[PDB]
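Read through the structure below, which is laid out as structure tokens, and then see the notes.
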């Protein structure tokens with residue numbers, strides 16, 4: 001699918017096995033995103049590094 | 001992991017192998033939750049049914 005990059009005015013198309021989109025935010029205040037892309041599996045949240053996944057074109 | 005239920009005033013703890021929280025919504029106009037729970041993997045999005053996964057207590 002199509003997934004947004006850090007500055008989401010741009011997006012990438014995903015390699016096979018990259019069936020998911022995701023956000024990577026730092027708890028440091030309020031979820032400032034620090035990574036955005038295509039993922040295979042939705043990553044588990046750390047105390048400060050949060051992941052939020054979706055499967056629709058440029059949703060992240 | 002603690003995940004919210006359909007009516008979010010409630011939440012449930014998840015079994016093992018069920019490491020992420022998720023919201024299941026209908027695309028039919030406003031984005032409306034039809035399911036909420038604990039899950040294995042983040043489910044891929046259908047035309048009409050989207051899913052957003054997270055992993056922090058009661059993030060769904």
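Structure determined by X-ray crystallography, 2.5 Å.
Positions of Cβ are set from backbone N, Cα and C atoms, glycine also.
Over in Swiss-Prot, the protein carries these features:
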DISULFID  A:3-A:21  disulfide bond
DISULFID  A:14-A:38  disulfide bond
DISULFID  A:42-A:53  disulfide bond
DISULFID  A:54-A:59  disulfide bond
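Known features from Swiss-Prot, placed on the structure.
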residue: A:3; record: disulfide bond; DSSP class: strand
residue: A:14; record: disulfide bond; DSSP class: coil
residue: A:21; record: disulfide bond; DSSP class: strand
residue: A:38; record: disulfide bond; DSSP class: strand
residue: A:53; record: disulfide bond; DSSP class: strand
residue: A:59; record: disulfide bond; DSSP class: coil
Disulfide-bonded residues (A:3, A:14, A:21, A:38) in Cβ proximity to chain B, threshold under 8 Å: none
For residue A:38 (disulfide bond), the number of other Cβ atoms found within 10 Å of its own Cβ: 21
By Cα-Cα distance, the member of disulfide-bonded residues A:21, A:42, A:53 nearest residue A:14 (disulfide bond): A:21
Other CB atoms within 10 A, centred on residue A:53 (disulfide bond): 25
Residue from A:3, A:21, A:38, A:59 whose C-alpha is spatially nearest that of residue A:53 (disulfide bond), among the disulfide-bonded residues: A:21
Which of A:14, A:21, all disulfide-bonded residues, has a Cβ with the fewest other Cβ atoms inside 10 Å: A:14
C-alpha spacing of residue A:38 (disulfide bond) relative to residue A:21 (disulfide bond), in angstrom: 5
Disulfide-bonded residues clustered about residue A:59 (disulfide bond) [Cα within 10 Å; pool: A:3, A:38, A:42]: A:3
Whole-number Å value for how far residue A:42 (disulfide bond) lies from residue A:54 (disulfide bond) (Cα to Cα): 9
Densest Cβ neighbourhood among A:3, A:59 (disulfide-bonded residues), 10 Å radius: A:3
